[PDB]
Amino acid sequence: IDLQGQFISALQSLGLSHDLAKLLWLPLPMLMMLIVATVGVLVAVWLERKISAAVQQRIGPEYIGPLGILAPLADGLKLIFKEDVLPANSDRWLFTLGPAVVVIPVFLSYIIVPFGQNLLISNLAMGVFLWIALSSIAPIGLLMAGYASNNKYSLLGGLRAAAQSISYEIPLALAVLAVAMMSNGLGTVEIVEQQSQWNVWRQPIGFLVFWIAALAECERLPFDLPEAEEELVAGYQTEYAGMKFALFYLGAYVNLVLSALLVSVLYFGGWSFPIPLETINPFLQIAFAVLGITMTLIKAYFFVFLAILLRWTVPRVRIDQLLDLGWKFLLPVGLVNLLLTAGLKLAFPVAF
Amino acid sequence: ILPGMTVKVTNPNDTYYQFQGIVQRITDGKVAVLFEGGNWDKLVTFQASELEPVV
Amino acid sequence: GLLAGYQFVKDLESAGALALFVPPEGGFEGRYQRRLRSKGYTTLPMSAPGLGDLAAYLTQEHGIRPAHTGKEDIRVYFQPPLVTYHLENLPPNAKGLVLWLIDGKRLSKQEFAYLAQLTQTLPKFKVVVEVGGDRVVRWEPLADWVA
Amino acid sequence: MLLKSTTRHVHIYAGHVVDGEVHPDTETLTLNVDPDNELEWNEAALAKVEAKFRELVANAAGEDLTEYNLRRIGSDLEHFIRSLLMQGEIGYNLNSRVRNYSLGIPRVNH
Amino acid sequence: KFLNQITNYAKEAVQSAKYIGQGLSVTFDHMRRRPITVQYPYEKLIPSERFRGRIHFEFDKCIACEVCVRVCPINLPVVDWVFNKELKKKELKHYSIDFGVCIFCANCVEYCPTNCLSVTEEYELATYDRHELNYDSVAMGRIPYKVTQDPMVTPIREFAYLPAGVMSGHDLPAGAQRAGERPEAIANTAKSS
Amino acid sequence: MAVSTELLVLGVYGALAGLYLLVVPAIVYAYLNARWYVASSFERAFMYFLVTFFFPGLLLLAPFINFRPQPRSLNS
Ligand code: SF4
Ligand code: SF4
């Protein structure tokens, strides 16, 4: 229904300087994506907390609210209410700036996830490449948290956070190059409007590549070494007490949600009940919008579910067993996939 | 029922079913049965209706 | 409910002895204790499973005999009453001295009646008893709930 | 590195508090009587504790700097505090915090 | 020399994926099995016929034998007597146990001849202060709790009190009994053929 | 004569809101508390998705709900 048009025209009817009107529509989706991001964090926390109890014949929170619905609310409000402590020789500027640096770009990368056509913020012609770029800023914040702490116990485990995050960006890049072949570019709308009746069937290998490189962004118990609670307590996090630890926590879960939404838009699509949709008009547009949003969230939820379900199925790996995936299983296979897709697009340019 | 009087239990919905035990103390309708048996003497409060004043 | 004023304090000042039927989670009752402390009342919970005759520990002066372990042969301490000592150690602008009992189920009818009758005598003194139960925090005078 | 004796309401170190750090110097022997406010202190009894500490380090100490010895000093101070708290100079705080009678319950001295 | 290396490589990969999917299916199977959780405050668990919780005490049956102190590992119970002079009787003037020190070995219960001193199923002891655990003679009898007679509890039996073959104690008939016959029933059965 | 399409679209997505975060969440609560112990492994994930898609609502009217077990009758 082009809500931008009516918002600007109704607001341009009582004046308000039409350029200013186009300026004043900016913050609405820019904060709506923050709303759904925070909600996705709350949902991811509650989901992990209840499914990690289902796996174990356990029952998660039910005394917080009805079903633990208000558990991360309690967590966040507490961590606001907690004291913050700045240890003895730690720096004052870098300590309270590390978590901001590792948290910000994950939010900033929500300017590309569609949720529906013309239902996103500012489709960039670069798109996913900007995500691959902004994701490489996190190790700076992690090394900042390591250096800005007298805790050798922390820095010894903050360098290995800039060893895996600096290792699973190359195949993460190659698996999306393999999609940039097909889709005439890099914009998400172009990656997905190429699906009108999915890339997973034609990228059976790059799926594993992207999906192993996304889980291994210092997130999950298959690796999550920099928070290896048993190996060395909380790594770089153990001196962060109040809302700063909440920033780290938030950042992990919101990055997981972003990975799920991004696998959805890349390989499956944030539309397309798998029949060739649009074969069957504002009252119909508001229906297909809801349908596309719903199916997007279905696939994102399935990937969040599988991701949390590996956390309780897959014991961790030291650091050498880890880095012998990168450069020895993900990078050669990503190169092979790239060359394969290139050769097939050269021979069979149809279907790509 | 009164103190010092051995009793037994008549309640299939109780783990202490058909145990004989000596009453110890009575306050407010609930009576403390004392199960002299095994090694350690156990003490539990039963209602007067769960019991049966055996001889 | 999700928000409640100070009618609990009026009910307590009126009856003298209430009986809370809070849930077995212990998360939604201390706020009323706060509402009492927000007026001037001072609290002391002392966990009834551990109180004796309740005429020797509250009114009169009684003898506590600590734990000897082969060493330090039997000795008494004679701690003073719980209700004529904290009641005299109040601040100046003190409305009264409420009394909280966490586990009231373990006590009996007789001392419930005693605590109720003890509200009228010894004036600046009130009582509350957390007899666990209902899934919504409701209360009742403690002269009631018995006879 | 530090050599401390951390009981309750007596914490002894071996450095010099500059602003909140400690900086072990090997000769300053700070003290931190009752941080958690289990007791309500006056100006006199606290000075008596101070003087006990001074005439307990200097008057009887000429041996090594082990934690054994500082722990012994802390024990002597924590018994001196019993003495002050029984005789009736200082008393418990009564505040709406924990109120756990670590030292003793109140007697009447019959 | 080189092809065999790639085949062993792919074989290791496939075996790893298979052994991961195995645990995947296992954990996805555990999330239909009913929770064995015991939702305690509303779904409390019933103690056994020998659990050793709080000690009981009668004032009328004691005769001040001092066995309780002479047998406790740490000589804990505070018996206090005065020996009135009618003929010989030790008069018991006070009796306490500090349950912040007691170990619940119940040897006290074991060697009390008068059956005065017993164990109760109270495991819900806690205070904001440890000078309240020192229970007096009139605060040790005190008529224990009896979990089942609680309007807001769904009691559960434990593994020794469930019917034969049964393992959990959650969704049970209202007439279940332990495993087998009592010896009285066996005797009256053999007597009647 | 408010048959106009603009007003009716405003009304219908306002009603899609009021249906999204007043009504259906209670239905999720009912269907979930009904079968939490007796559920399958696929239906469990489906239920969790029903929670996810409507989660912004369950934050609002959860404080006004009590799943305490409604104390049993004791005499019989
Ligand atoms: S063992 Fe029994 S009779 Fe002897 S002192 Fe203890 S309670 Fe009394
Ligand atoms: S349970 Fe053990 S420690 Fe406690 S009174 Fe009995 S014998 Fe002594």
# chains A, B, ... in the order shown; residues from 1 in each chain; ligands from 1
$ residues_near_ligand --ligand "ligand 2" --cutoff "7 Å" --atoms "only C-alpha atoms and all ligand atoms" --output "ChimeraX atom specification"
/E:68-69,71-77,97,102-109
$ residues_around --residues "range 61-64 of chain C" --least-positions-apart "2" --cutoff "12 Å" --atoms "only C-alpha atoms" --output "PyMOL selection string"
(chain C and resi 50-59+66-67+74-85) or (chain D and resi 105-108+110) or (chain E and resi 78+80+93-98+131-137)
$ write_last_selection --atoms "C-alpha atoms" --output "mmCIF file, in the first residue's frame"
data_model
loop_
_atom_site.group_PDB
_atom_site.id
_atom_site.type_symbol
_atom_site.label_atom_id
_atom_site.label_comp_id
_atom_site.auth_asym_id
_atom_site.auth_seq_id
_atom_site.Cartn_x
_atom_site.Cartn_y
_atom_site.Cartn_z
ATOM 1 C CA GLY C 50 12.613 -22.333 66.545
ATOM 2 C CA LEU C 51 10.286 -20.507 68.917
ATOM 3 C CA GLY C 52 9.160 -22.290 72.059
ATOM 4 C CA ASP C 53 6.353 -21.519 74.494
ATOM 5 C CA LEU C 54 5.963 -18.024 72.942
ATOM 6 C CA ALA C 55 5.337 -16.624 76.414
ATOM 7 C CA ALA C 56 8.979 -17.074 77.443
ATOM 8 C CA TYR C 57 10.573 -15.781 74.224
ATOM 9 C CA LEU C 58 8.246 -12.805 73.634
ATOM 10 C CA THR C 59 7.044 -11.568 77.039
ATOM 11 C CA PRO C 66 24.220 -23.091 73.713
ATOM 12 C CA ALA C 67 25.886 -26.084 72.139
ATOM 13 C CA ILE C 74 26.819 -26.432 80.183
ATOM 14 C CA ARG C 75 26.170 -22.709 80.437
ATOM 15 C CA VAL C 76 23.214 -20.367 80.000
ATOM 16 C CA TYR C 77 22.956 -16.978 78.317
ATOM 17 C CA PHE C 78 19.533 -15.591 79.350
ATOM 18 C CA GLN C 79 18.727 -13.576 76.271
ATOM 19 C CA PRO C 80 16.121 -10.875 76.919
ATOM 20 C CA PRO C 81 12.590 -10.877 75.499
ATOM 21 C CA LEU C 82 12.118 -10.418 71.766
ATOM 22 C CA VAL C 83 9.218 -7.971 72.209
ATOM 23 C CA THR C 84 10.254 -5.788 75.164
ATOM 24 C CA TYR C 85 13.799 -5.230 73.821
ATOM 25 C CA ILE D 105 23.449 -12.856 70.957
ATOM 26 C CA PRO D 106 22.570 -10.346 73.718
ATOM 27 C CA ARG D 107 22.886 -11.492 77.330
ATOM 28 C CA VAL D 108 22.007 -9.742 80.620
ATOM 29 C CA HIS D 110 23.547 -12.215 85.758
ATOM 30 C CA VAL E 78 22.376 -30.181 75.705
ATOM 31 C CA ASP E 80 20.459 -30.333 81.766
ATOM 32 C CA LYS E 93 15.285 -29.516 83.387
ATOM 33 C CA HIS E 94 16.243 -28.655 79.795
ATOM 34 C CA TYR E 95 16.996 -30.307 76.443
ATOM 35 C CA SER E 96 18.109 -28.719 73.167
ATOM 36 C CA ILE E 97 19.819 -29.569 69.882
ATOM 37 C CA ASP E 98 21.508 -26.977 67.679
ATOM 38 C CA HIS E 131 20.548 -18.796 66.692
ATOM 39 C CA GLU E 132 16.990 -19.850 65.765
ATOM 40 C CA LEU E 133 18.010 -23.397 64.807
ATOM 41 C CA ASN E 134 18.775 -24.076 68.492
ATOM 42 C CA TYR E 135 15.510 -25.863 69.138
ATOM 43 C CA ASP E 136 14.161 -26.121 72.677
ATOM 44 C CA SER E 137 12.341 -29.060 74.283
#
$ residues_near_ligand --ligand "ligand 1" --cutoff "6 Å" --atoms "only C-alpha atoms and all ligand atoms" --output "number ranges by chain"
E: 62-68, 112, 114, 116-117
$ closest_atom_pairs --of "chain A" --to "chain F" --cutoff "10 Å" --atoms "only C-alpha atoms" --output "CSV"
residue,atom,partner,partner_atom,distance
A:1,CA,F:9,CA,9.2
A:6,CA,F:6,CA,9.8
A:35,CA,F:56,CA,9.3
A:36,CA,F:56,CA,8.8
A:39,CA,F:56,CA,6.9
A:40,CA,F:52,CA,8.3
A:42,CA,F:55,CA,8.7
A:43,CA,F:52,CA,6.1
A:44,CA,F:52,CA,8.7
A:46,CA,F:52,CA,9.4
A:47,CA,F:48,CA,7.3
A:50,CA,F:48,CA,9.1
A:51,CA,F:45,CA,8.7
A:54,CA,F:44,CA,8.9
A:55,CA,F:41,CA,9.7
A:57,CA,F:37,CA,9.8
A:59,CA,F:37,CA,9.7
A:62,CA,F:67,CA,8.4
A:63,CA,F:68,CA,8.6
A:64,CA,F:63,CA,9.6
A:65,CA,F:62,CA,6.3
A:66,CA,F:67,CA,5.7
A:67,CA,F:67,CA,8.4
A:68,CA,F:62,CA,9.6
A:69,CA,F:59,CA,6.6
A:70,CA,F:59,CA,6.9
A:73,CA,F:59,CA,9.2
A:282,CA,F:9,CA,7.8
A:283,CA,F:9,CA,7.2
A:286,CA,F:13,CA,8.1
A:290,CA,F:16,CA,10.0
A:293,CA,F:53,CA,9.8
A:294,CA,F:53,CA,7.6
A:297,CA,F:53,CA,7.3
A:298,CA,F:49,CA,7.4
A:301,CA,F:49,CA,7.0
A:302,CA,F:49,CA,8.7
A:305,CA,F:45,CA,8.3
$ closest_atom_pairs --of "chain E" --to "chain A" --cutoff "12 Å" --atoms "only C-alpha atoms" --output "JSON lines"
{"residue": "E:6", "atom": "CA", "partner": "A:329", "partner_atom": "CA", "distance": 11.6}
{"residue": "E:9", "atom": "CA", "partner": "A:329", "partner_atom": "CA", "distance": 9.4}
{"residue": "E:10", "atom": "CA", "partner": "A:329", "partner_atom": "CA", "distance": 10.1}
{"residue": "E:12", "atom": "CA", "partner": "A:329", "partner_atom": "CA", "distance": 11.3}
{"residue": "E:13", "atom": "CA", "partner": "A:329", "partner_atom": "CA", "distance": 9.1}
{"residue": "E:16", "atom": "CA", "partner": "A:314", "partner_atom": "CA", "distance": 11.0}
{"residue": "E:17", "atom": "CA", "partner": "A:208", "partner_atom": "CA", "distance": 11.0}
{"residue": "E:19", "atom": "CA", "partner": "A:314", "partner_atom": "CA", "distance": 10.0}
{"residue": "E:20", "atom": "CA", "partner": "A:314", "partner_atom": "CA", "distance": 7.1}
{"residue": "E:21", "atom": "CA", "partner": "A:313", "partner_atom": "CA", "distance": 8.9}
{"residue": "E:22", "atom": "CA", "partner": "A:313", "partner_atom": "CA", "distance": 9.3}
{"residue": "E:23", "atom": "CA", "partner": "A:313", "partner_atom": "CA", "distance": 5.8}
{"residue": "E:24", "atom": "CA", "partner": "A:313", "partner_atom": "CA", "distance": 6.1}
{"residue": "E:25", "atom": "CA", "partner": "A:313", "partner_atom": "CA", "distance": 9.4}
{"residue": "E:26", "atom": "CA", "partner": "A:313", "partner_atom": "CA", "distance": 8.7}
{"residue": "E:27", "atom": "CA", "partner": "A:55", "partner_atom": "CA", "distance": 5.4}
{"residue": "E:28", "atom": "CA", "partner": "A:55", "partner_atom": "CA", "distance": 6.8}
{"residue": "E:29", "atom": "CA", "partner": "A:55", "partner_atom": "CA", "distance": 7.9}
{"residue": "E:30", "atom": "CA", "partner": "A:55", "partner_atom": "CA", "distance": 5.1}
{"residue": "E:31", "atom": "CA", "partner": "A:54", "partner_atom": "CA", "distance": 4.7}
{"residue": "E:32", "atom": "CA", "partner": "A:54", "partner_atom": "CA", "distance": 7.6}
{"residue": "E:33", "atom": "CA", "partner": "A:57", "partner_atom": "CA", "distance": 6.6}
{"residue": "E:34", "atom": "CA", "partner": "A:57", "partner_atom": "CA", "distance": 6.1}
{"residue": "E:35", "atom": "CA", "partner": "A:57", "partner_atom": "CA", "distance": 3.8}
{"residue": "E:36", "atom": "CA", "partner": "A:57", "partner_atom": "CA", "distance": 5.8}
{"residue": "E:37", "atom": "CA", "partner": "A:58", "partner_atom": "CA", "distance": 5.6}
{"residue": "E:38", "atom": "CA", "partner": "A:58", "partner_atom": "CA", "distance": 9.1}
{"residue": "E:39", "atom": "CA", "partner": "A:59", "partner_atom": "CA", "distance": 8.5}
{"residue": "E:40", "atom": "CA", "partner": "A:59", "partner_atom": "CA", "distance": 11.8}
{"residue": "E:41", "atom": "CA", "partner": "A:63", "partner_atom": "CA", "distance": 10.8}
{"residue": "E:42", "atom": "CA", "partner": "A:63", "partner_atom": "CA", "distance": 11.1}
$ write_last_selection --atoms "N, CA and C atoms" --output "short mmCIF file (atom, residue, chain, number, x, y, z; two decimals), in the first residue's frame"
data_model
loop_
_atom_site.label_atom_id
_atom_site.label_comp_id
_atom_site.auth_asym_id
_atom_site.auth_seq_id
_atom_site.Cartn_x
_atom_site.Cartn_y
_atom_site.Cartn_z
N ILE E 6 42.31 -38.19 -0.91
CA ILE E 6 41.03 -37.49 -1.03
C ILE E 6 39.88 -38.41 -0.62
N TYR E 9 39.88 -38.57 3.10
CA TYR E 9 39.38 -37.27 3.53
C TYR E 9 37.85 -37.24 3.53
N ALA E 10 37.25 -37.58 2.38
CA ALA E 10 35.80 -37.59 2.28
C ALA E 10 35.18 -38.62 3.22
N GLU E 12 36.36 -39.58 6.22
CA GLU E 12 36.36 -38.97 7.54
C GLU E 12 35.25 -37.94 7.67
N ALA E 13 35.06 -37.13 6.63
CA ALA E 13 33.99 -36.13 6.64
C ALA E 13 32.63 -36.78 6.81
N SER E 16 32.09 -38.30 10.25
CA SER E 16 31.85 -37.26 11.24
C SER E 16 30.43 -36.73 11.15
N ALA E 17 29.96 -36.44 9.94
CA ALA E 17 28.59 -35.98 9.77
C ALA E 17 27.59 -37.00 10.29
N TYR E 19 28.10 -39.39 12.67
CA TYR E 19 28.16 -39.46 14.12
C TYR E 19 27.67 -38.19 14.80
N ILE E 20 27.56 -37.09 14.06
CA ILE E 20 26.91 -35.90 14.59
C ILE E 20 25.39 -36.01 14.45
N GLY E 21 24.91 -36.47 13.29
CA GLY E 21 23.48 -36.66 13.12
C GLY E 21 22.91 -37.71 14.06
N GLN E 22 23.74 -38.65 14.50
CA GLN E 22 23.30 -39.64 15.48
C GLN E 22 22.90 -38.96 16.78
N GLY E 23 23.81 -38.18 17.37
CA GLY E 23 23.48 -37.42 18.55
C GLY E 23 22.37 -36.41 18.32
N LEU E 24 22.29 -35.87 17.10
CA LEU E 24 21.19 -34.98 16.76
C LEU E 24 19.85 -35.68 16.93
N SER E 25 19.71 -36.87 16.33
CA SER E 25 18.47 -37.62 16.46
C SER E 25 18.22 -38.04 17.90
N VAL E 26 19.29 -38.33 18.65
CA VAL E 26 19.12 -38.71 20.06
C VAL E 26 18.52 -37.56 20.85
N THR E 27 19.10 -36.36 20.72
CA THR E 27 18.60 -35.22 21.47
C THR E 27 17.21 -34.82 21.01
N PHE E 28 16.93 -34.94 19.71
CA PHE E 28 15.59 -34.69 19.21
C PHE E 28 14.60 -35.76 19.66
N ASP E 29 15.10 -36.92 20.09
CA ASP E 29 14.24 -37.93 20.70
C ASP E 29 14.02 -37.66 22.18
N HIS E 30 14.99 -37.04 22.86
CA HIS E 30 14.81 -36.76 24.28
C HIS E 30 13.77 -35.67 24.53
N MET E 31 13.40 -34.90 23.50
CA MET E 31 12.48 -33.79 23.69
C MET E 31 11.03 -34.17 23.43
N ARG E 32 10.71 -35.47 23.46
CA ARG E 32 9.35 -35.95 23.62
C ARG E 32 9.15 -36.72 24.92
N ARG E 33 10.20 -37.39 25.41
CA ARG E 33 10.14 -38.04 26.70
C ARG E 33 9.73 -37.04 27.77
N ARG E 34 8.86 -37.48 28.66
CA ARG E 34 8.30 -36.55 29.63
C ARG E 34 9.40 -36.07 30.57
N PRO E 35 9.37 -34.80 31.00
CA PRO E 35 10.33 -34.37 32.01
C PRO E 35 10.18 -35.14 33.31
N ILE E 36 11.31 -35.64 33.81
CA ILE E 36 11.39 -36.28 35.11
C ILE E 36 11.61 -35.22 36.19
N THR E 37 11.50 -33.94 35.82
CA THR E 37 11.62 -32.86 36.78
C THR E 37 10.56 -32.99 37.85
N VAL E 38 10.92 -32.59 39.06
CA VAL E 38 10.03 -32.58 40.20
C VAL E 38 9.81 -31.11 40.56
N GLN E 39 8.67 -30.57 40.14
CA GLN E 39 8.35 -29.16 40.29
C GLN E 39 8.07 -28.88 41.76
N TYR E 40 9.14 -28.88 42.55
CA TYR E 40 9.14 -29.10 43.99
C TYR E 40 8.06 -28.38 44.78
N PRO E 41 7.99 -27.04 44.78
CA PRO E 41 7.10 -26.37 45.74
C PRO E 41 5.64 -26.69 45.52
N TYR E 42 5.28 -27.06 44.30
CA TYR E 42 3.95 -27.49 43.94
C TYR E 42 3.85 -28.98 43.68
#
$ residues_around --residues "residue 156 in chain E" --least-positions-apart "2" --cutoff "7 Å" --atoms "only C-alpha atoms" --output "list in words"
residues 44, 45, 46, 154, 158, 169 and 170 of chain E
$ interface_residues --of "chain E" --to "chain B" --cutoff "8 Å" --atoms "only C-alpha atoms" --output "MDAnalysis selection string"
chainID E and resid 49:50 56 106 109:110 115 117:121 143:146 157 161 174:178
$ closest_atom_pairs --of "chain D" --to "chain A" --cutoff "10 Å" --atoms "only C-alpha atoms" --output "CSV"
residue,atom,partner,partner_atom,distance
D:20,CA,A:88,CA,8.7
D:21,CA,A:88,CA,6.8
D:22,CA,A:88,CA,9.7
$ write_last_selection --atoms "N, CA and C atoms" --output "tab-separated table (two decimals), in the first residue's frame"
chain	number	residue	atom	x	y	z
D	20	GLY	N	42.44	3.54	46.75
D	20	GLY	CA	41.54	2.42	46.60
D	20	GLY	C	42.28	1.18	46.13
D	21	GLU	N	43.45	1.36	45.53
D	21	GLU	CA	44.38	0.26	45.35
D	21	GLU	C	45.10	0.04	46.68
D	22	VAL	N	46.09	-0.86	46.70
D	22	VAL	CA	46.79	-1.25	47.92
D	22	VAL	C	48.29	-1.06	47.79
$ select_by_dssp --residues "range 85-163 of chain E" --states "strand (DSSP E or B)" --output "list in words"
residues 92, 93, 94, 95, 96, 97, 98, 119, 134, 135 and 156 of chain E
$ interface_residues --of "chain C" --to "chain E" --cutoff "9 Å" --atoms "only C-alpha atoms" --output "ChimeraX atom specification"
/C:23-25,45-53,64-71,74,102,105-108,132-135
$ residues_around --residues "residue 54 in chain B" --least-positions-apart "2" --cutoff "8 Å" --atoms "only C-alpha atoms" --output "list in words"
residues 6, 7, 8 and 52 of chain B
$ residues_around --residues "range 259-261 of chain A" --least-positions-apart "6" --cutoff "10 Å" --atoms "only C-alpha atoms" --output "number ranges by chain"
A: 106, 110, 113-115, 210-211, 213-215, 217, 253, 269-270, 296-307
$ residues_around --residues "residue 67 in chain D" --least-positions-apart "6" --cutoff "10 Å" --atoms "only C-alpha atoms" --output "VMD selection string"
chain D and resid 2 to 5 12 to 13 73
$ write_last_selection --atoms "N, CA, C and O atoms" --output "PDB file, in the first residue's frame"
ATOM      1  N   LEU D   2      50.598  -9.392  47.682  1.00  0.00           N
ATOM      2  CA  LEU D   2      50.052  -9.118  49.006  1.00  0.00           C
ATOM      3  C   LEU D   2      50.177 -10.317  49.931  1.00  0.00           C
ATOM      4  O   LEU D   2      50.361 -11.457  49.500  1.00  0.00           O
ATOM      5  N   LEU D   3      50.063 -10.041  51.222  1.00  0.00           N
ATOM      6  CA  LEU D   3      49.991 -11.058  52.257  1.00  0.00           C
ATOM      7  C   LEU D   3      48.974 -10.554  53.264  1.00  0.00           C
ATOM      8  O   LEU D   3      49.285  -9.672  54.071  1.00  0.00           O
ATOM      9  N   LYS D   4      47.763 -11.103  53.208  1.00  0.00           N
ATOM     10  CA  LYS D   4      46.616 -10.520  53.879  1.00  0.00           C
ATOM     11  C   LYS D   4      46.000 -11.509  54.856  1.00  0.00           C
ATOM     12  O   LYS D   4      46.227 -12.719  54.786  1.00  0.00           O
ATOM     13  N   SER D   5      45.215 -10.956  55.778  1.00  0.00           N
ATOM     14  CA  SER D   5      44.434 -11.711  56.755  1.00  0.00           C
ATOM     15  C   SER D   5      43.016 -11.162  56.715  1.00  0.00           C
ATOM     16  O   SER D   5      42.726 -10.144  57.348  1.00  0.00           O
ATOM     17  N   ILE D  12      43.486  -7.107  57.019  1.00  0.00           N
ATOM     18  CA  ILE D  12      44.837  -6.579  57.156  1.00  0.00           C
ATOM     19  C   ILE D  12      45.604  -6.901  55.888  1.00  0.00           C
ATOM     20  O   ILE D  12      45.484  -8.001  55.341  1.00  0.00           O
ATOM     21  N   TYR D  13      46.394  -5.935  55.425  1.00  0.00           N
ATOM     22  CA  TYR D  13      47.195  -6.082  54.218  1.00  0.00           C
ATOM     23  C   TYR D  13      48.635  -5.694  54.508  1.00  0.00           C
ATOM     24  O   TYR D  13      49.008  -5.505  55.669  1.00  0.00           O
ATOM     25  N   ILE D  73      47.560 -11.831  64.329  1.00  0.00           N
ATOM     26  CA  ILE D  73      47.197 -10.465  64.701  1.00  0.00           C
ATOM     27  C   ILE D  73      45.704 -10.240  64.512  1.00  0.00           C
ATOM     28  O   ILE D  73      45.033  -9.642  65.365  1.00  0.00           O
TER      29      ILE D  73
END
$ interface_residues --of "chain F" --to "chain B" --cutoff "12 Å" --atoms "only C-alpha atoms" --output "ChimeraX atom specification"
/F:74-76
$ atom_distance --atom1 "CA of residue 17 in chain D" --atom2 "CA of residue 155 in chain A"
27.1 Å
$ interface_residues --of "chain D" --to "chain C" --cutoff "12 Å" --atoms "only C-alpha atoms" --output "PyMOL selection string"
chain D and resi 91-100+104-110
$ residues_around --residues "residue 41 in chain D" --least-positions-apart "2" --cutoff "10 Å" --atoms "only C-alpha atoms" --output "MDAnalysis selection string"
chainID D and resid 33:34 37:39 43:47 89:93
$ closest_residue --among "B:29, B:23, B:48, B:55" --to "residue 109 in chain C" --atoms "only C-alpha atoms"
B:29
$ decode --residues "range 70-92 of chain D" --atoms "C-alpha atoms" --output "compact mmCIF listing (two decimals), in the first residue's frame"
# COMPACT_ATOMS: atom_id res chain seq x y z
CA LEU D 70 49.13 -11.47 60.26
CA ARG D 71 46.40 -14.06 60.80
CA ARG D 72 47.43 -14.26 64.45
CA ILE D 73 47.20 -10.46 64.70
CA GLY D 74 43.74 -10.55 63.14
CA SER D 75 42.69 -13.17 65.66
CA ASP D 76 43.89 -11.04 68.57
CA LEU D 77 41.98 -8.05 67.17
CA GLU D 78 38.83 -10.11 66.62
CA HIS D 79 39.01 -11.20 70.27
CA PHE D 80 39.66 -7.65 71.46
CA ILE D 81 36.52 -6.68 69.55
CA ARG D 82 34.59 -9.37 71.42
CA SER D 83 35.83 -7.74 74.62
CA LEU D 84 34.69 -4.27 73.56
CA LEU D 85 31.37 -5.64 72.32
CA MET D 86 30.65 -7.60 75.51
CA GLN D 87 31.66 -4.85 77.95
CA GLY D 88 29.17 -2.63 76.11
CA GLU D 89 31.18 0.17 74.52
CA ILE D 90 30.08 -0.61 70.96
CA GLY D 91 26.99 -2.52 69.80
CA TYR D 92 25.34 -4.05 66.78
